[PDB]
Structures are given as C-alpha cells and as structure tokens.
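Worksheet for the structure shown next.
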There are 4 protein chains.
Amino acid sequence: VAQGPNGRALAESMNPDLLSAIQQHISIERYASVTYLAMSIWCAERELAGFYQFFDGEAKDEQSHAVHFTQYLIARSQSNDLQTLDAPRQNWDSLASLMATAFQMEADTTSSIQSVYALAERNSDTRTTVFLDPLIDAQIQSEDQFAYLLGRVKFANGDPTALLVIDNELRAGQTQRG
Amino acid sequence: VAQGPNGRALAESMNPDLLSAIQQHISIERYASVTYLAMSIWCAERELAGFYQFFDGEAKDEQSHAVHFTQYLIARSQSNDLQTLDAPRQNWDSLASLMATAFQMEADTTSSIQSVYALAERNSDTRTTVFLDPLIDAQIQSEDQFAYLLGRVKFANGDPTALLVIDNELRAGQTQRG
Amino acid sequence: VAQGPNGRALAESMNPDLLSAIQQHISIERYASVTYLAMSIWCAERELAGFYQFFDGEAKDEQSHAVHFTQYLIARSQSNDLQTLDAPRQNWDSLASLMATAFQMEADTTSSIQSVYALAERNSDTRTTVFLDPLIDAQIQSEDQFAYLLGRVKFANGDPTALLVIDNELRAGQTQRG
Amino acid sequence: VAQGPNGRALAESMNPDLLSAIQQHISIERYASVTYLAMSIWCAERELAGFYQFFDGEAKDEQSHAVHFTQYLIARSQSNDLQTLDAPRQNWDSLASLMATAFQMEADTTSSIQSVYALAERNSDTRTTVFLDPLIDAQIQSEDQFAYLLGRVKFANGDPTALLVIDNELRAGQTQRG
Ligand SMILES: [Cl-]
Ligand SMILES: [Cl-]
Ligand SMILES: [Cl-]
Ligand SMILES: [Cl-]
Ligand SMILES: [Fe+3]
Ligand SMILES: [Fe+3]
Ligand SMILES: [Fe+3]
Ligand SMILES: [Fe+3]
Ligand SMILES: [Fe+3]
Ligand SMILES: [Fe+3]
Ligand SMILES: [Fe+3]
Ligand SMILES: [Fe+3]
Ligand SMILES: [Fe+3]
C-alpha cells in the first residue's frame, strides 16, 4: 500500500494540476463566504433585515462547501493548502447592484467547479467527477434562486416600498420560486 | 452595623453626588416612559396601530427600568426621591420626525447611565458599575433597534404605502433586525 | 440626529483608533477560525477523529465570534472593514506541538480583546467594555479548556495508546474538566 | 420490440466487451465478500471481536453489491454469468498487514468499477455510467473509511493495548472519522 501526499493510505494518485485546481476552488468557496458576509453587513447597515439574514446564512453555507472540499482531499489522501483569502467587495450603490454581484459570484463559483470537472475528465479521475456532480446540481438550484432574487429586486425598480416587501419575504424564508 | 439614609442596615456608604445622579436618572427613565406614551398616542391618532402597540410597550418597559433603579437604591440603603415629571413632547410633523426623537431619547438615556457610571468609577463604587453593566448592554440593543426602526421609516421616504407595510411589521412583533 | 460612518443613526461617536482596533480584532477571530480548520485537517489526516471533530467545531465557533463583532460595529453605526486573511499554520511535528499552538492562539485572542478593552477604557467607551465583558468570560473558559486538552496530551507523553484514549474522549464530547 | 440475450424485452443493446466487464466485476464484488469473511475469521481467531463484527458486516455488504450488479444486468436484458470464485487469502502476520490487504481490496474494487466505467464511456452507454456513479461515490467513502481504520491500527504500532481500544471502538460502531 502506497502513502499519499498527506500521509494516508493512497487509493489512487491524483494529477498535481488537478490537486492545485481543487485547492484553488476551496479558496473560491471561502471567498464566496466572506463576500456573502460583506453583503449581509451592507444589507444590515440599511435595515434590510431579511436580506441580511439571507446572506448571513449563505455565508455559512459557502464555508460548509469549502470544508466539504477539504474533506474530499483528505479522503483522496491529498494535501490541503489553505490559502491567503482576499478581502471581499464591500461597497455597492444599490441593492440591485449588490444582487448582481451576488449572482455573478454564484455563477463564477459554478465556473470554477466546471474547470475542475474538465480537468478531472482529462485525467480520467472518475472519483472527482462523481464528487462534483451533486455540487453542480446544487449550483443549478442556487443560480436559479439568485436569478429569482436579483430579478425580483430589479422588478422593484428601486421603489423602497417594493424592496421592503421583498425584504419581508426573505425574512419569512420565501427565498425562491418554489 | 450602621444604618443608611433610608433606615436599612448599610453595607457601604454612597457618595451623595452619586446618589443624586441615580435619583436624577430615575427621572430620565420615567420621562422616557411618558415620552413613549405620548408617541404611542400620536401614532394611534394616525391609525398607525403597529407603532402605537410598539410604543405602548416601550412606555411600560421604561417604567420597569425606573422601578429597577428604585430597587437598587433600596438595596443600597439609600433614600429614593421621586421627582416632578416634565410633560413630554407631544407634536411631530411626521413619523420620521417622531422616530428621530425616539432614537434621541434612547441615546440620551444611555448618556445618563454613562454619566452615573463615570461618577461611580470616580468613587470606586463597584456595586454600582456592576449594577449598570447589564443596563448598558440593554441600551446597546435598544439603540440598535431604534436605529433600525428609524432607518426603515426613513427608507420609506414618506410613502404612506411603505409606512403601512412597516406598521404591519411592528404589529406582528417584527421590531428589530433579528 | 447624526449619522454614523456606516450611515445609520449614531448614538455616540467612536474614536477612530478604537474602531480600527475592533476591525483588527475581527481579523484575529477569523484567523483563529481558519487556524482551527487547519488543525482539524491535520488531525483528520492522522485519523485523530475526535480531535478533528473538536477543532471543526472550534473553527465554526470562532467564525461566530467574528460575526458577533461585526454586529456590534453595525449596532454602533460604525463601518466594518473585512480584511485580507493570512493563510494559517498547517504543519506540526506532533499533536502536542499542535495543541501548544492552539493554546497560544486562544491566549492571543484574549490578548487582542484585552488590547481593545484598554483602548475603550482610555476613551471612556462603556458600551464597548460592556460588550467585551462576556467575551472575556468566555475566553477564561476556553483558556481553561485548552490548557486541559494540552495538558492531557502532554501527560500522554507521545504514547499512541494514550492519544487514542484521549481522541475517543473528544469524540464523545468530553472536552473539559467539568 | 427486440429481445435481449436474457430473453427480456431490450431497451438498448450492450457491447459484449462491456457485458463481459460487468460480469467480471460481479466476481470482484463476490471475491471482496469472501475476502472480508476470511478477515472476519482471522480477527475472531485472535479475539478481536470488534474487527470480527466489522468485517462480518463488510462481507454481507459486498455480497449485496454483487447482487445489485446482477439486477442491473437483468434490467438491461443481459445475461448473468456467475463465475467460479477463487479462495480468499486467509493468513496474515499482523492486524496491520490484514488491514493493508483490506484497503488494497477496497481500492482494487474501485479500480474494477473505473475500468467498467471507461468502457461504458467508450461505448456511449450512459445508462451504465449513471448506474455506476453512486457506486463510485460509495467507494470514496469506503476508501476513506478503510484508510482511517488502517491508519489507526498503524498508529497503534503493534501495541496490544492500543489494538484492544480500537477493537472496542469497532464493536461500538465507531468505524469512521465522522
Ligand atoms: Cl435597488
Ligand atoms: Cl414619515
Ligand atoms: Cl504528541
Ligand atoms: Cl498490528
Ligand atoms: Fe459554494
Ligand atoms: Fe454558492
Ligand atoms: Fe430605560
Ligand atoms: Fe430606553
Ligand atoms: Fe473567539
Ligand atoms: Fe477562541
Ligand atoms: Fe463492493
Ligand atoms: Fe468494498
Ligand atoms: Fe449523479
């Protein structure tokens, strides 16, 4: 039995470029987390309590995704390399602008997973494509959800009255089309 | 065993300037109470039933704070001196103006506690600083809450439709960021 | 009513040096979080599942502390400034060495809070000292706990059999003196 | 409607090389089963009752996997061909050596599935890749688990006291990192 780079027994070696791609993706999830924390704060500063609660939960969920990836590297007997984390964006001129950045962050998270997925396919790493499949499914749902929240905020057309109604929807847990 | 100014057994003497400061602060709490009663009436006169219910409860809570301070003076064997109470402000041109006065009243209540706190520190009265600590913590929460309600009302920008939505939030008990 | 730096109604201005100190402390809590994540991974790589579960939970708790501080700045109408986060330490020669770093991290977190506390006292910011008081109390308990875990691991004197017994204690939730 | 090789109605023909690969993989699962039975006996002979119970259950699970594959061939209207089964390895010099063989058996089971998966992809048999996807996911978890058990036994460094502690973990159902 061979030992993997993290010292555990190795079921199958992993291409170093694929390993680097996964370590980088963990940073993307962690950056999404702190970005949603920054968004939760921006909303709290403007008394948008439902949006604050929504993004507070999204920040925790993205961190959970990051940890889920670290556990996969452990399972593959590969080293983790937790990286320096950039500061998030913290300033927006409007809730519509913030929601556009949130949607982009979600789509960019999927693009990062897709990049890892393609590298795994090039290397015939079927464990990794199988690991990523449910995460892509979750990304479809999250993109659908963020397109819903962004679209509803844009429909409001900057009317504070409409944004208060939507804020109350989010506080109530009404966060997707259903 | 020595007897304190109110006749009870005295654990430790209190500086007369600190005692006067606490008696004055009791008046501040009582004045906050009648101010919130006046605000509850102003809101009721304009059919803002959620704001009326909110300020009706705040009036009762501030009175409870006043009584809590009278009990501390009893516990310290100090005399209470219940004072003449000024009439509250009763007229405002808008809900936003009323909410600004409410926020100021809350911040001024904290400033009064801070003034007592500093005098207790000058006199090394650790019983009094310990007594005030949880009241300052409650003031942080109340200032946060009143900044939330004021900010949400200002966001409404005088639109009656938005103010009705917020009024319904308050009637439902949705009175802070959460 | 004045507006604070984050745009909310301002109960009382905050010294900019104190604000910077709190923003820096938020980074300390976030760094403790990712440090405990790195420790959880190191333990998982060596099949120390109880230590892995313990540090996984500590990472989540430190993040919660960070968010708790961001909420205080919101409550004080002060700006948050989420900072670049350094990469954590990730390599240790032994569990005893890891636990020494964990204890130091906990003590250093308290030192950071103490530094903020002293600055608040210099500025007579009683809201901030009151806010920090329960966090210092929690730090006493955490230092006591980490001294317990470190001391028990050192008592084991590197015997794998003893470290397995302690690992099972932690998996069972037996993480302090009680 | 065409009839498949096993006589049932045929939804889509299967490449004979892919069919042979699946029939061979069924033998791999059955061989893993009898290997884990042999390991359970070796552990029982040495009073390692927790390891005996663990491998007794693994033997039953691998047989279930084999039957799951036979049901897929039925579903595809393909013939099953149950093969002669080799005798398992039955002798080991130590528990650490046994656990290394167990880990290798698990990794080799995954390699067999990967071989079938690649053949299905070459033949554009999407039913088969979809069928195998959750089995690969289960293999990741099993490899992670067996790396955990092997690593913990190796950490024990042959100390009977440590092996008794681990044996009791397994009897209690504590068989993975969690
Ligand atoms: Cl907007
Ligand atoms: Cl108004
Ligand atoms: Cl050690
Ligand atoms: Cl052994
Ligand atoms: Fe994510
Ligand atoms: Fe996401
Ligand atoms: Fe009060
Ligand atoms: Fe008050
Ligand atoms: Fe902390
Ligand atoms: Fe801590
Ligand atoms: Fe199997
Ligand atoms: Fe298996
Ligand atoms: Fe799938």
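The way I read the labels, and the way they are meant: chains A, B, ... in the order of the structure tokens, residue 1 as the first residue of every chain, and ligand 1 as the first ligand shown, with later ones counted on from there.
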
Might you pull out every residue within 12 Å of residue 10 (chain B), with only C-alpha atoms counted and same-chain residues fewer than 4 positions away left off, and present them as an NGL selection string? :B and (1-6 or 14 or 73-79)

Which chain C residues are at most 7 Å from chain B (counting only C-alpha atoms), as a PyMOL selection string? chain C and resi 1+8-9+11+75+127+130-131

Any chance you can output those residues with C-alpha atoms as a PDB file, in the first residue's frame?
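Heads up, here's the output in selection20.pdb:
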ATOM      1  CA  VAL C   1     -29.843  63.001  14.921  1.00  0.00           C
ATOM      2  CA  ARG C   8     -27.117  54.528  10.451  1.00  0.00           C
ATOM      3  CA  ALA C   9     -28.304  56.898  13.170  1.00  0.00           C
ATOM      4  CA  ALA C  11     -25.978  57.036  19.366  1.00  0.00           C
ATOM      5  CA  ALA C  75     -25.056  48.482  16.284  1.00  0.00           C
ATOM      6  CA  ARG C 127     -20.661  50.354  25.616  1.00  0.00           C
ATOM      7  CA  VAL C 130     -19.725  46.052  28.487  1.00  0.00           C
ATOM      8  CA  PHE C 131     -19.847  44.335  25.094  1.00  0.00           C
TER       9      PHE C 131
END

Gap from CA of residue 36 (chain D) to CA of residue 149 (chain D) - Å, one decimal: 14.2 Å

Show me which residues sit within 8 Å of ligand 9 when counting only C-alpha atoms and all ligand atoms, and put them as a list in words.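 Final answer, ordered by chain and number: residues 29, 32, 33, 61, 62, 63, 64, 65, 66, 106, 109, 135 and 139 of chain C.
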
Contacts of ligand 4, 12 Å or closer, only C-alpha atoms and all ligand atoms, given as a VMD selection string: chain D and resid 43 46 48 92 to 100 149 to 164 166 to 167

Please return, as a VMD selection string, all residues of chain C that DSSP assigns to helix (DSSP H, G or I) on the basis of the backbone. chain C and resid 16 to 45 49 to 75 95 to 122 126 to 156 160 to 171

What lies within 9 Å of residue 35 (chain D) using only C-alpha atoms, ignoring chain neighbours under 5 positions off, as a ChimeraX atom specification? /D:30,40,59,87-90,102,105

Please, what distance in Å, to one decimal, runs between CA of residue 91 (chain B) and CA of residue 44 (chain B)?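 One can read the CA of residue 91 (chain B) to CA of residue 44 (chain B) distance as 12.9 Å.
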
What separation in Å, quoted to one decimal, exists between CA of residue 172 (chain A) and CA of residue 42 (chain A)? 19.5 Å

Shortest interatomic distance to ligand 7 - which of B:39, B:71, B:31, B:165, counting only C-alpha atoms and all ligand atoms: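 For ligand 7, the nearest of the given residues is B:31.
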